[PDB]
>>> print(open('query-v6.txt').read())   # compact mmCIF, C-alpha atoms
# COMPACT_ATOMS: atom_id res chain seq x y z
CA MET A 1 34.56 -15.99 21.63
CA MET A 2 36.56 -15.68 18.38
CA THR A 3 39.82 -15.55 20.38
CA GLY A 4 40.63 -19.01 19.06
CA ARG A 5 40.43 -17.55 15.56
CA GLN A 6 42.75 -14.57 16.10
CA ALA A 7 44.91 -15.97 18.90
CA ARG A 8 46.89 -17.82 16.20
CA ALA A 9 48.60 -14.56 15.17
CA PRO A 10 48.24 -12.34 18.23
CA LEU A 11 47.99 -8.55 18.12
CA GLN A 12 47.53 -8.42 14.38
CA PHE A 13 45.52 -5.22 14.01
CA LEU A 14 44.03 -6.48 10.78
CA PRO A 15 45.67 -9.41 8.98
CA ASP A 16 47.17 -9.69 5.52
CA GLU A 17 43.98 -11.61 4.74
CA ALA A 18 41.77 -8.55 5.28
CA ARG A 19 42.81 -6.76 2.08
CA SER A 20 40.37 -8.84 0.04
CA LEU A 21 37.54 -6.83 1.67
CA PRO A 22 36.40 -3.63 -0.04
CA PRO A 23 37.53 -0.67 2.05
CA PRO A 24 35.04 2.04 3.03
CA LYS A 25 34.71 4.73 0.39
CA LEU A 26 35.60 8.27 1.24
CA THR A 27 32.20 10.00 1.87
CA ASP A 28 31.11 6.90 3.82
CA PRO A 29 28.57 8.56 6.14
CA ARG A 30 30.11 7.04 9.26
CA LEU A 31 33.60 8.54 9.07
CA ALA A 32 32.04 11.78 7.83
CA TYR A 33 29.95 11.88 10.99
CA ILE A 34 33.21 11.22 12.82
CA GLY A 35 34.52 14.35 11.13
CA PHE A 36 31.53 16.26 12.46
CA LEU A 37 32.40 14.75 15.82
CA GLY A 38 35.82 16.36 15.57
CA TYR A 39 34.07 19.58 14.66
CA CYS A 40 32.01 19.60 17.85
CA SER A 41 35.16 18.48 19.63
CA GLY A 42 37.08 21.56 18.57
CA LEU A 43 34.03 23.73 19.21
CA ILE A 44 33.90 22.55 22.80
CA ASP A 45 37.63 23.22 23.02
CA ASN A 46 37.11 26.82 21.92
CA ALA A 47 34.34 26.97 24.50
CA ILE A 48 36.73 25.72 27.17
CA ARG A 49 39.24 28.42 26.33
CA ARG A 50 37.15 31.52 26.81
CA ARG A 51 37.87 32.66 23.21
CA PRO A 52 34.78 33.17 21.05
CA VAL A 53 34.34 30.05 18.95
CA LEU A 54 34.83 30.29 15.15
CA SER A 55 38.13 31.99 16.04
CA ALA A 56 41.43 30.04 16.07
CA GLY A 57 39.47 27.26 14.37
CA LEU A 58 41.38 27.65 11.12
CA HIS A 59 44.14 25.19 12.04
CA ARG A 60 42.58 23.63 15.15
CA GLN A 61 39.24 22.52 13.70
CA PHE A 62 41.04 21.03 10.72
CA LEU A 63 43.45 19.19 13.01
CA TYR A 64 40.58 17.65 14.98
CA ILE A 65 38.48 16.72 11.94
CA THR A 66 41.37 15.16 10.04
CA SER A 67 42.53 13.24 13.12
CA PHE A 68 39.13 11.64 13.69
CA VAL A 69 38.80 10.87 9.99
CA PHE A 70 42.15 9.06 10.22
CA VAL A 71 41.51 7.02 13.36
CA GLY A 72 37.83 6.42 12.64
CA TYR A 73 38.76 5.30 9.14
CA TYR A 74 41.08 2.54 10.33
CA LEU A 75 38.52 1.53 12.94
CA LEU A 76 35.81 1.12 10.31
CA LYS A 77 38.14 -0.96 8.14
CA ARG A 78 38.98 -3.44 10.88
CA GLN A 79 35.31 -3.52 11.85
CA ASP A 80 34.16 -4.64 8.42
CA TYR A 81 36.90 -7.24 8.69
CA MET A 82 35.39 -8.48 11.95
CA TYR A 83 31.90 -8.93 10.56
CA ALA A 84 33.45 -10.56 7.49
CA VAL A 85 35.07 -13.33 9.48
CA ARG A 86 31.92 -13.64 11.60
CA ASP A 87 29.67 -14.33 8.63
CA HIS A 88 32.25 -16.69 7.14
CA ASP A 89 32.35 -18.70 10.36
CA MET A 90 28.58 -18.97 10.33
CA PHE A 91 28.32 -20.28 6.79
CA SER A 92 31.18 -22.76 7.07
CA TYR A 93 29.71 -24.22 10.24
CA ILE A 94 26.31 -24.33 8.51
CA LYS A 95 27.50 -26.32 5.52
CA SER A 96 29.68 -28.70 7.51
CA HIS A 97 26.70 -29.87 9.64
CA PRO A 98 23.57 -31.24 7.93
CA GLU A 99 21.96 -32.81 11.01
CA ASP A 100 22.23 -29.94 13.49
CA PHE A 101 20.35 -27.51 11.26
CA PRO A 102 17.59 -29.28 9.31
CA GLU A 103 16.47 -27.86 6.00
CA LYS A 104 12.68 -28.15 6.10
CA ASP A 105 10.36 -27.50 3.20
CA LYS A 106 8.06 -24.58 4.00
CA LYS A 107 4.55 -25.65 3.12
CA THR A 108 2.27 -23.06 1.57
CA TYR A 109 -0.80 -21.58 3.25
CA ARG A 110 -2.94 -24.12 1.39
CA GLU A 111 -2.25 -26.27 4.44
CA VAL A 112 -2.66 -23.89 7.39
CA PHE A 113 -5.18 -23.69 10.20
CA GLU A 114 -5.63 -20.89 12.72
CA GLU A 115 -8.15 -19.44 15.20
CA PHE A 116 -8.14 -15.70 14.38
CA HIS A 117 -10.81 -14.43 16.72
CA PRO A 118 -12.76 -11.72 14.86
CA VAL A 119 -13.78 -8.51 16.59
CA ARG A 120 -17.30 -9.57 17.47
CA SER B 3 -21.86 9.72 -21.01
CA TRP B 4 -21.43 7.04 -18.36
CA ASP B 5 -21.91 3.37 -19.15
CA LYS B 6 -25.66 3.00 -19.36
CA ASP B 7 -26.47 -0.54 -18.29
CA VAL B 8 -24.45 0.01 -15.11
CA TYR B 9 -26.76 2.85 -14.04
CA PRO B 10 -30.27 2.23 -15.38
CA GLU B 11 -32.35 5.13 -16.61
CA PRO B 12 -35.87 3.72 -17.04
CA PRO B 13 -38.22 4.97 -19.77
CA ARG B 14 -38.82 8.66 -19.27
CA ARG B 15 -42.60 8.35 -19.74
CA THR B 16 -43.31 12.07 -19.93
CA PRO B 17 -47.02 13.00 -19.95
CA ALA B 18 -48.65 15.15 -22.64
CA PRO B 19 -49.57 18.68 -21.48
CA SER B 20 -53.30 19.40 -21.56
CA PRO B 21 -54.38 23.00 -20.85
CA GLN B 22 -57.91 21.78 -20.07
CA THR B 23 -58.93 25.31 -19.07
CA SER B 24 -58.20 28.69 -20.64
CA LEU B 25 -56.12 30.88 -18.27
CA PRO B 26 -52.79 32.75 -18.18
CA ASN B 27 -49.47 30.93 -18.61
CA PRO B 28 -47.74 31.55 -15.29
CA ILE B 29 -44.60 29.41 -15.51
CA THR B 30 -44.46 29.03 -19.28
CA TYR B 31 -43.80 32.72 -19.88
CA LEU B 32 -40.76 32.15 -17.70
CA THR B 33 -39.84 28.71 -18.96
CA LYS B 34 -39.60 30.11 -22.48
CA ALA B 35 -38.03 33.35 -21.25
CA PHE B 36 -35.65 31.39 -19.06
CA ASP B 37 -34.80 29.26 -22.08
CA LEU B 38 -34.18 32.56 -23.83
CA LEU B 39 -32.24 34.20 -20.99
CA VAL B 40 -30.29 31.38 -19.35
CA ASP B 41 -30.16 28.74 -22.11
CA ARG B 42 -28.29 30.25 -25.04
CA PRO B 43 -26.11 32.80 -23.16
CA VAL B 44 -24.56 29.84 -21.37
CA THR B 45 -24.78 27.45 -24.32
CA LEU B 46 -22.61 29.63 -26.54
CA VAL B 47 -19.97 29.65 -23.82
CA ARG B 48 -19.97 25.91 -23.17
CA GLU B 49 -19.76 25.26 -26.91
CA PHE B 50 -16.90 27.70 -27.38
CA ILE B 51 -15.04 26.05 -24.51
CA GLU B 52 -15.78 22.77 -26.28
CA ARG B 53 -14.08 23.71 -29.54
CA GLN B 54 -11.23 25.23 -27.52
CA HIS B 55 -10.72 21.87 -25.80
CA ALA B 56 -11.13 19.90 -29.02
CA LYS B 57 -8.43 21.72 -31.00
CA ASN B 58 -5.85 19.85 -28.86
CA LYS B 59 -6.79 16.37 -27.62
CA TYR B 60 -5.41 14.31 -24.75
CA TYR B 61 -5.47 10.58 -24.12
CA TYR B 62 -5.38 9.27 -20.55
CA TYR B 63 -5.73 5.58 -19.77
CA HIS B 64 -7.47 3.60 -17.08
CA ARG B 65 -4.69 1.57 -15.50
CA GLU B 66 -4.68 -2.21 -15.36
CA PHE B 67 -3.34 -4.70 -12.85
CA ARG B 68 -2.40 -8.17 -14.03
CA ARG B 69 -3.10 -11.21 -11.88
CA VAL B 70 -0.77 -13.27 -9.65
CA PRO B 71 -0.94 -16.55 -7.63
CA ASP B 72 -2.46 -14.56 -4.71
CA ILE B 73 -2.28 -16.23 -1.29
CA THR B 74 -2.23 -19.92 -2.16
CA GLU B 75 1.13 -20.41 -3.83
CA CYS B 76 3.03 -18.41 -1.19
CA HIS B 77 4.93 -20.40 1.42
CA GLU B 78 4.24 -19.88 5.12
CA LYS B 79 6.90 -17.14 5.15
CA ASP B 80 9.38 -15.56 2.71
CA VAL B 81 7.38 -12.37 2.14
CA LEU B 82 8.84 -11.68 -1.30
CA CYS B 83 5.88 -13.39 -2.94
CA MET B 84 3.37 -12.45 -0.23
CA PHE B 85 3.63 -8.70 -0.72
CA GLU B 86 2.19 -8.86 -4.25
CA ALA B 87 -0.56 -11.26 -3.23
CA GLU B 88 -1.86 -9.42 -0.20
CA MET B 89 -1.58 -5.91 -1.58
CA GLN B 90 -3.50 -6.79 -4.73
CA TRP B 91 -5.95 -8.48 -2.40
CA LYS B 92 -6.33 -5.01 -0.94
CA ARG B 93 -6.94 -3.56 -4.40
CA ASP B 94 -9.65 -6.07 -5.31
CA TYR B 95 -11.07 -5.36 -1.86
CA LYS B 96 -11.49 -1.63 -2.51
CA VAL B 97 -12.97 -2.61 -5.87
CA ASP B 98 -15.63 -4.60 -4.04
CA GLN B 99 -16.13 -1.56 -1.82
CA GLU B 100 -17.06 0.51 -4.82
CA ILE B 101 -19.36 -2.22 -6.09
CA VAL B 102 -21.24 -1.93 -2.81
CA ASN B 103 -21.38 1.82 -3.39
CA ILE B 104 -22.85 1.28 -6.86
CA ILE B 105 -25.63 -1.06 -5.75
CA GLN B 106 -26.37 1.06 -2.69
CA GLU B 107 -26.83 4.05 -4.97
CA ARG B 108 -29.07 2.16 -7.41
CA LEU B 109 -31.43 1.51 -4.52
CA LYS B 110 -31.64 5.19 -3.56
CA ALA B 111 -32.23 6.39 -7.10
CA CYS B 112 -34.80 3.61 -7.41
CA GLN B 113 -36.96 4.86 -4.57
CA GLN B 114 -36.61 8.45 -5.71
CA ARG B 115 -37.74 7.50 -9.22
CA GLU B 116 -40.71 5.36 -8.19
CA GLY B 117 -42.31 7.95 -5.96
CA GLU B 118 -45.07 6.80 -3.60
CA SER B 119 -44.74 3.29 -5.07
CA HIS B 120 -41.79 2.47 -2.80
CA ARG B 121 -42.34 -1.29 -2.73
CA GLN B 122 -43.28 -1.44 -6.44
CA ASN B 123 -40.38 -1.71 -8.97
CA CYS B 124 -37.54 -1.69 -6.42
CA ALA B 125 -38.10 -5.34 -5.48
CA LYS B 126 -35.65 -6.65 -8.08
CA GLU B 127 -32.87 -4.18 -7.30
CA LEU B 128 -33.36 -4.44 -3.54
CA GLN B 129 -33.23 -8.22 -3.99
CA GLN B 130 -29.88 -8.21 -5.74
CA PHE B 131 -28.83 -5.72 -3.08
CA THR B 132 -29.49 -8.17 -0.27
CA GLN B 133 -27.62 -10.71 -2.39
CA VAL B 134 -24.46 -8.63 -2.78
CA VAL B 135 -24.45 -7.08 0.68
CA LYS B 136 -24.96 -10.52 2.15
CA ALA B 137 -21.92 -11.64 0.18
CA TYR B 138 -19.76 -8.76 1.41
CA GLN B 139 -21.28 -9.21 4.86
CA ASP B 140 -20.25 -12.84 4.83
CA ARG B 141 -16.74 -12.34 3.51
CA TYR B 142 -14.96 -9.17 4.61
CA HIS B 143 -17.22 -8.06 7.44
CA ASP B 144 -15.62 -8.85 10.78
CA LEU B 145 -11.84 -8.92 10.78
CA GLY B 146 -10.47 -5.79 12.40
CA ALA B 147 -8.03 -2.95 12.04
CA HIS B 148 -5.14 -5.11 10.87
CA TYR B 149 -6.23 -7.33 8.01
CA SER B 150 -4.39 -8.58 5.02
CA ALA B 151 -5.06 -11.96 3.42
CA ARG B 152 -4.17 -14.42 6.16
CA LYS B 153 -7.25 -13.18 7.97
CA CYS B 154 -9.62 -13.35 4.99
CA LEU B 155 -8.32 -16.78 4.04
CA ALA B 156 -8.66 -17.53 7.73
CA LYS B 157 -12.34 -16.62 7.94
CA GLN B 158 -12.98 -18.60 4.77
CA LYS B 159 -11.40 -21.59 6.49
CA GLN B 160 -13.77 -20.93 9.38
CA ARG B 161 -16.88 -20.98 7.20
CA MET B 162 -15.75 -23.99 5.18
CA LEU B 163 -15.28 -25.98 8.37
CA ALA B 164 -18.49 -24.79 10.03
CA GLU B 165 -20.40 -25.73 6.88
CA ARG B 166 -18.59 -29.05 6.65
CA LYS B 167 -19.88 -29.93 10.10
CA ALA B 168 -23.20 -28.44 9.04
CA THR B 169 -23.24 -30.78 6.05
CA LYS B 170 -22.32 -33.81 8.12
CA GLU B 171 -25.34 -32.93 10.25
CA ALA B 172 -27.17 -32.57 6.92
CA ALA B 173 -27.24 -36.39 6.83
>>> encode(input="query-v6.txt", output="structure tokens")
Amino acid sequence: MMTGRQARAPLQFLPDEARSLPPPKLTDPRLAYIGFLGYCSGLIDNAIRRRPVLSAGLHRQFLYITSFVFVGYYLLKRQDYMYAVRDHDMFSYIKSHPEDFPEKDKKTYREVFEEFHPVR
Amino acid sequence: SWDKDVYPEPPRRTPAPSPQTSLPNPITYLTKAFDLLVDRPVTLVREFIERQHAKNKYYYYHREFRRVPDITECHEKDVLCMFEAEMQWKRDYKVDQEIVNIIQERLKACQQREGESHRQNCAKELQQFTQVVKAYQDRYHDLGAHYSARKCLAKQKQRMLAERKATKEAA
């Protein structure tokens, strides 16, 4: 699946085409939660080393948090790319095929019949 | 100062007091004295509170709800129209609820007013009661916990068909 799409230019992380997609804002809750995830990372590190946590976490905690914001940021970007090309593929294949997917008119309730067993 | 013709108050028909025998005045000493003791000492206060209110008025409005196509013009799906329809259906429903409350209270006040006459003068109001409560009974009665429109429209389909067979057997 989708390897025919991206096997044309292999191992492109995200292509020169992706830059037309709006990048995730800073404060995007996802990568912020990733920052928290670096926070609990560093906390568990300071639990591993018997030191009391909240100590040494001046440089460490910041290193963790910033690292995950970095990596997680790029990951989110390429993600939004992936769903972009997915939705595009859907709509193109929709339009190019009238027969496969029929457009039916949805008739209003005026013509409807049901059973609807009442309670009693 | 409620709307009068919604909640009938019949003629008061108060009888004329006849002493008919010369004796003491056991309650009337205390109905006058009460009307001296508990009438004015409150009345002054209610009136003062009145003017206090009246120096600064408010205006608050009974809300309105416009109408919509309701259930008919909505397609089988695509809720965006449906939501309006069925929720306002729920409004009008509760409205009918309170109508039932109104009639049901008219009956009670009717018997209390009549006195021992229970079947005399409540016949009209009890009659329109059976009319309305048979309407509600027919329409909303049995649906269930989860009801919106689809089920009321449904039941109405059911009655229309049952009465269409009933009217082919009318021949």
>>> residues_near_point(input="query-v6.txt", point="(33.9, -11.7, 12.9)", cutoff="12 Å", atoms="all atoms listed in the file", output="MDAnalysis selection string")
chainID A and resid 1:6 14 18 78:91
>>> interface_residues(input="query-v6.txt", of="chain B", to="chain A", cutoff="9 Å", atoms="all atoms listed in the file", output="list in words")
residues 73, 74, 75, 76, 77, 78, 79, 144, 145, 146, 152, 153, 155, 156, 157, 159 and 160 of chain B
>>> atom_distance(input="query-v6.txt", atom1="CA of residue 43 (chain A)", atom2="CA of residue 68 (chain A)")
14.2 Å
>>> atom_distance(input="query-v6.txt", atom1="CA of residue 112 (chain B)", atom2="CA of residue 132 (chain B)")
14.8 Å
>>> atom_distance(input="query-v6.txt", atom1="CA of residue 64 (chain A)", atom2="CA of residue 77 (chain A)")
20.0 Å
>>> closest_residue(input="query-v6.txt", among="A:99, A:92, A:76, A:55", to="residue 22 (chain A)", atoms="all atoms listed in the file")
A:76
>>> closest_residue(input="query-v6.txt", among="B:133, B:92, B:104, B:118", to="residue 154 (chain B)", atoms="only C-alpha atoms")
B:92
